[PDB]
Protein chains: 2
Amino acid sequence: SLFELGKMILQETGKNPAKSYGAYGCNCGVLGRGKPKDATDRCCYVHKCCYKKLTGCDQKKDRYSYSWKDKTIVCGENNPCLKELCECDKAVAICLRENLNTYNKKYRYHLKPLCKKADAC
Amino acid sequence: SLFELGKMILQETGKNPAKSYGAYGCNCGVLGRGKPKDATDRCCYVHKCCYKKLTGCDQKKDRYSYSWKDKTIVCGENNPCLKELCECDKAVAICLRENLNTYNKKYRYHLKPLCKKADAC
């Protein structure tokens, strides 16, 4: 669910997930996909594409189990879709952290930014 | 859409919508419904529940007509869903203004992972 995702993002990046990634570039947020503005943006693109391959489970609503032992995300989840969902979320949280150095506040928005096309996941 | 909603919030509350309500508490902004921290947060909770009843229109992208007449939001749209969407937005805007007195800037960018689970709508 969104709870696990946001928590993962916070754990990996240390940043407020809503503030930094709720509306950033063409892909980080709740407005679908677009041509990535930067590395951070690309993480969210891949993440949304990761969500599409999911079969059955609700990425937004369905909770899953994961461990943060030794400050590492471990999806211990028992369900194929939920295990896959967890790995999607872990991947983006990791990717966002890895690309903190090129994170640019300029790509934050209040309303839909001018985005070129995203290709088919 | 977010444009009309933001304009309504600005008109009712007189506060910059994104800054004041783009990530307030557990319910205002991107992250889905969590247990409301206060009255303001509760408006957003009700708002998100209001959105869930919408049939065939997208609350994020879909434009709609409304007027501001004698400092009153008046929804216009002939389309039933867009009208209903407009009423959701009007209601939260009014609700937010009504609870300005207990607005908490400490919630303005609340860490949503700190939020408790929300009741079903």
# chains A, B, ... in the order shown; residues from 1 in each chain; ligands from 1
>>> interface_residues(of="chain B", to="chain A", cutoff="6 Å", atoms="only C-alpha atoms", output="PyMOL selection string")
chain B and resi 18+30+113
>>> residues_around(residues="residue 24 (chain A)", least_positions_apart="2", cutoff="6 Å", atoms="only C-alpha atoms", output="list in words")
residues 21, 28, 107 and 108 of chain A
>>> select_by_dssp(residues="region 15-113 of chain B", states="strand (DSSP E or B)", output="PDB file with N, CA, C and O atoms, in the first residue's frame")
ATOM      1  N   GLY B  34      -5.551   8.738   5.829  1.00  0.00           N
ATOM      2  CA  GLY B  34      -5.073   8.211   7.090  1.00  0.00           C
ATOM      3  C   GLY B  34      -6.002   8.770   8.148  1.00  0.00           C
ATOM      4  O   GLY B  34      -6.893   9.561   7.831  1.00  0.00           O
ATOM      5  N   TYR B  66     -17.546  26.149 -12.649  1.00  0.00           N
ATOM      6  CA  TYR B  66     -18.181  26.659 -11.448  1.00  0.00           C
ATOM      7  C   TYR B  66     -17.988  28.153 -11.440  1.00  0.00           C
ATOM      8  O   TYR B  66     -17.072  28.676 -12.070  1.00  0.00           O
ATOM      9  N   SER B  67     -18.854  28.850 -10.733  1.00  0.00           N
ATOM     10  CA  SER B  67     -18.710  30.282 -10.653  1.00  0.00           C
ATOM     11  C   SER B  67     -18.587  30.686  -9.204  1.00  0.00           C
ATOM     12  O   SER B  67     -18.981  29.948  -8.303  1.00  0.00           O
ATOM     13  N   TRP B  68     -18.015  31.861  -9.000  1.00  0.00           N
ATOM     14  CA  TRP B  68     -17.894  32.481  -7.692  1.00  0.00           C
ATOM     15  C   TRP B  68     -18.821  33.677  -7.776  1.00  0.00           C
ATOM     16  O   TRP B  68     -18.525  34.658  -8.452  1.00  0.00           O
ATOM     17  N   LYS B  69     -19.970  33.570  -7.124  1.00  0.00           N
ATOM     18  CA  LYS B  69     -20.976  34.613  -7.182  1.00  0.00           C
ATOM     19  C   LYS B  69     -21.289  35.038  -5.770  1.00  0.00           C
ATOM     20  O   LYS B  69     -21.662  34.201  -4.945  1.00  0.00           O
ATOM     21  N   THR B  72     -19.615  33.042  -3.144  1.00  0.00           N
ATOM     22  CA  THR B  72     -20.151  31.707  -2.962  1.00  0.00           C
ATOM     23  C   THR B  72     -19.759  30.841  -4.148  1.00  0.00           C
ATOM     24  O   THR B  72     -19.962  31.228  -5.301  1.00  0.00           O
ATOM     25  N   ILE B  73     -19.181  29.680  -3.864  1.00  0.00           N
ATOM     26  CA  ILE B  73     -18.908  28.711  -4.909  1.00  0.00           C
ATOM     27  C   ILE B  73     -20.226  28.151  -5.417  1.00  0.00           C
ATOM     28  O   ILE B  73     -21.016  27.601  -4.647  1.00  0.00           O
ATOM     29  N   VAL B  74     -20.468  28.298  -6.711  1.00  0.00           N
ATOM     30  CA  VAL B  74     -21.663  27.741  -7.315  1.00  0.00           C
ATOM     31  C   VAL B  74     -21.257  26.812  -8.451  1.00  0.00           C
ATOM     32  O   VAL B  74     -20.752  27.263  -9.477  1.00  0.00           O
ATOM     33  N   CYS B  75     -21.469  25.513  -8.262  1.00  0.00           N
ATOM     34  CA  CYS B  75     -21.125  24.535  -9.286  1.00  0.00           C
ATOM     35  C   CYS B  75     -22.095  24.651 -10.452  1.00  0.00           C
ATOM     36  O   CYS B  75     -23.292  24.799 -10.250  1.00  0.00           O
TER      37      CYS B  75
END
>>> closest_residue(among="B:63, B:44, B:53, B:35", to="residue 91 (chain B)", atoms="only C-alpha atoms")
B:44
>>> residues_around(residues="residue 49 (chain B)", least_positions_apart="3", cutoff="12 Å", atoms="only C-alpha atoms", output="list in words")
residues 27, 28, 32, 33, 34, 42, 43, 44, 45, 46, 52, 53, 54, 59, 85, 88, 89, 91, 92, 118, 119, 120 and 121 of chain B
>>> calpha_fit_rmsd(fixed="chain B", moving="chain A")
1.0 Å
>>> select_by_dssp(residues="chain B", states="alpha helix (DSSP H)", output="MDAnalysis selection string")
chainID B and resid 2:13 17:21 39:51 80:98
>>> residues_around(residues="residue 78 (chain A)", least_positions_apart="5", cutoff="10 Å", atoms="only C-alpha atoms", output="PyMOL selection string")
chain A and resi 64-65+83-84
>>> atom_distance(atom1="CA of residue 57 (chain A)", atom2="CA of residue 81 (chain A)")
5.8 Å
>>> residues_around(residues="residue 103 (chain A)", least_positions_apart="3", cutoff="7 Å", atoms="only C-alpha atoms", output="PDB file with N, CA, C and O atoms, in the first residue's frame")
ATOM      1  N   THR A  40      15.933  11.070 -10.635  1.00  0.00           N
ATOM      2  CA  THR A  40      14.852  10.911  -9.677  1.00  0.00           C
ATOM      3  C   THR A  40      13.545  10.638 -10.407  1.00  0.00           C
ATOM      4  O   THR A  40      12.800   9.723 -10.050  1.00  0.00           O
ATOM      5  N   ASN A  99      19.811   8.652  -6.184  1.00  0.00           N
ATOM      6  CA  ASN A  99      19.840   9.813  -7.062  1.00  0.00           C
ATOM      7  C   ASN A  99      19.517  11.120  -6.355  1.00  0.00           C
ATOM      8  O   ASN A  99      19.096  12.089  -6.983  1.00  0.00           O
ATOM      9  N   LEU A 100      19.730  11.135  -5.043  1.00  0.00           N
ATOM     10  CA  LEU A 100      19.534  12.332  -4.241  1.00  0.00           C
ATOM     11  C   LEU A 100      20.438  13.486  -4.679  1.00  0.00           C
ATOM     12  O   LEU A 100      20.059  14.648  -4.574  1.00  0.00           O
TER      13      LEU A 100
END
>>> decode(residues="region 9-115 of chain A", atoms="C-alpha atoms", output="short mmCIF file (atom, residue, chain, number, x, y, z; two decimals), in the first residue's frame")
data_model
loop_
_atom_site.label_atom_id
_atom_site.label_comp_id
_atom_site.auth_asym_id
_atom_site.auth_seq_id
_atom_site.Cartn_x
_atom_site.Cartn_y
_atom_site.Cartn_z
CA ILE A 9 10.89 6.27 0.65
CA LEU A 10 11.40 7.97 4.00
CA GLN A 11 13.63 5.16 5.21
CA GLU A 12 15.79 5.10 2.11
CA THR A 13 15.94 8.80 1.19
CA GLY A 14 15.32 10.40 4.58
CA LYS A 15 13.07 12.90 2.84
CA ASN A 16 9.38 13.60 3.36
CA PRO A 17 7.92 11.39 0.60
CA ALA A 18 4.89 13.56 -0.15
CA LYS A 19 6.93 16.77 -0.20
CA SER A 20 9.81 15.55 -2.32
CA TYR A 21 8.15 12.91 -4.49
CA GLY A 22 4.40 13.51 -4.39
CA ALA A 23 4.66 16.01 -7.23
CA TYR A 24 8.07 15.91 -8.89
CA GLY A 25 8.88 15.86 -12.59
CA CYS A 26 6.68 13.90 -14.97
CA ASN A 27 6.54 10.59 -13.09
CA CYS A 28 6.88 11.19 -9.35
CA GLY A 29 3.31 11.79 -8.26
CA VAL A 30 -0.31 10.93 -8.85
CA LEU A 31 -0.58 12.14 -12.45
CA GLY A 32 0.57 9.12 -14.46
CA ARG A 33 3.78 9.05 -16.48
CA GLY A 34 5.81 11.29 -18.79
CA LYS A 35 9.31 11.64 -20.25
CA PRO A 36 11.61 11.70 -17.19
CA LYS A 37 13.05 15.09 -16.25
CA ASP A 38 16.00 13.51 -14.43
CA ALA A 39 17.32 10.49 -12.52
CA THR A 40 14.85 10.91 -9.68
CA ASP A 41 12.07 11.26 -12.23
CA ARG A 42 13.22 8.09 -13.97
CA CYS A 43 12.95 6.13 -10.70
CA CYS A 44 9.26 6.98 -10.52
CA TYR A 45 8.75 6.13 -14.18
CA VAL A 46 10.15 2.65 -13.64
CA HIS A 47 8.10 2.40 -10.46
CA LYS A 48 4.83 3.14 -12.26
CA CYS A 49 5.79 0.66 -14.96
CA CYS A 50 6.55 -1.82 -12.20
CA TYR A 51 3.01 -1.34 -10.91
CA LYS A 52 1.52 -2.15 -14.33
CA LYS A 53 3.02 -5.63 -14.51
CA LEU A 54 1.23 -6.45 -11.25
CA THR A 55 -1.63 -8.92 -11.54
CA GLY A 56 -4.49 -8.88 -9.04
CA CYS A 57 -3.29 -6.93 -6.02
CA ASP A 58 -3.98 -3.22 -5.46
CA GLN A 59 -0.70 -1.30 -5.27
CA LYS A 60 -2.43 1.55 -3.45
CA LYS A 61 -4.62 -0.34 -0.98
CA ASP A 62 -3.02 -3.73 -0.38
CA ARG A 63 -0.66 -3.85 2.57
CA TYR A 64 2.27 -6.25 2.71
CA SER A 65 5.00 -7.27 5.15
CA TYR A 66 8.57 -6.09 4.86
CA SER A 67 11.54 -5.92 7.20
CA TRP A 68 13.82 -2.93 7.75
CA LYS A 69 16.41 -5.03 9.58
CA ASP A 70 19.91 -3.53 9.44
CA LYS A 71 18.44 -0.56 7.59
CA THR A 72 17.76 -2.66 4.50
CA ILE A 73 14.37 -3.26 2.96
CA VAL A 74 13.48 -6.95 2.88
CA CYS A 75 10.16 -7.95 1.33
CA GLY A 76 9.28 -11.00 3.39
CA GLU A 77 5.87 -11.06 1.79
CA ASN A 78 4.11 -14.34 1.18
CA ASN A 79 1.99 -13.42 -1.84
CA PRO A 80 3.40 -13.37 -5.40
CA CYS A 81 1.58 -10.14 -6.32
CA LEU A 82 2.25 -8.58 -2.92
CA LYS A 83 5.88 -9.75 -2.95
CA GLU A 84 6.18 -8.21 -6.40
CA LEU A 85 4.40 -5.08 -5.19
CA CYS A 86 6.83 -4.78 -2.30
CA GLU A 87 9.81 -5.14 -4.65
CA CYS A 88 8.40 -2.36 -6.83
CA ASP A 89 8.24 -0.07 -3.80
CA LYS A 90 11.65 -1.11 -2.49
CA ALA A 91 13.15 -0.47 -5.92
CA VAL A 92 11.88 3.08 -6.18
CA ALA A 93 12.80 3.94 -2.59
CA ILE A 94 16.32 2.72 -3.30
CA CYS A 95 16.49 4.47 -6.68
CA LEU A 96 15.31 7.76 -5.20
CA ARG A 97 18.04 7.61 -2.55
CA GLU A 98 20.72 6.69 -5.09
CA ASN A 99 19.84 9.81 -7.06
CA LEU A 100 19.53 12.33 -4.24
CA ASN A 101 22.61 14.17 -5.54
CA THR A 102 20.83 15.32 -8.71
CA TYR A 103 17.49 15.89 -7.02
CA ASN A 104 16.19 19.27 -8.16
CA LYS A 105 13.47 21.15 -6.27
CA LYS A 106 12.71 22.99 -9.53
CA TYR A 107 10.88 19.89 -10.76
CA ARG A 108 8.40 20.09 -7.89
CA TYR A 109 4.94 21.31 -8.89
CA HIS A 110 1.55 22.32 -7.52
CA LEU A 111 -0.16 21.47 -10.81
CA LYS A 112 0.59 19.35 -13.91
CA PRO A 113 3.94 20.36 -15.48
CA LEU A 114 4.76 20.47 -19.20
CA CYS A 115 5.70 16.86 -19.90
#
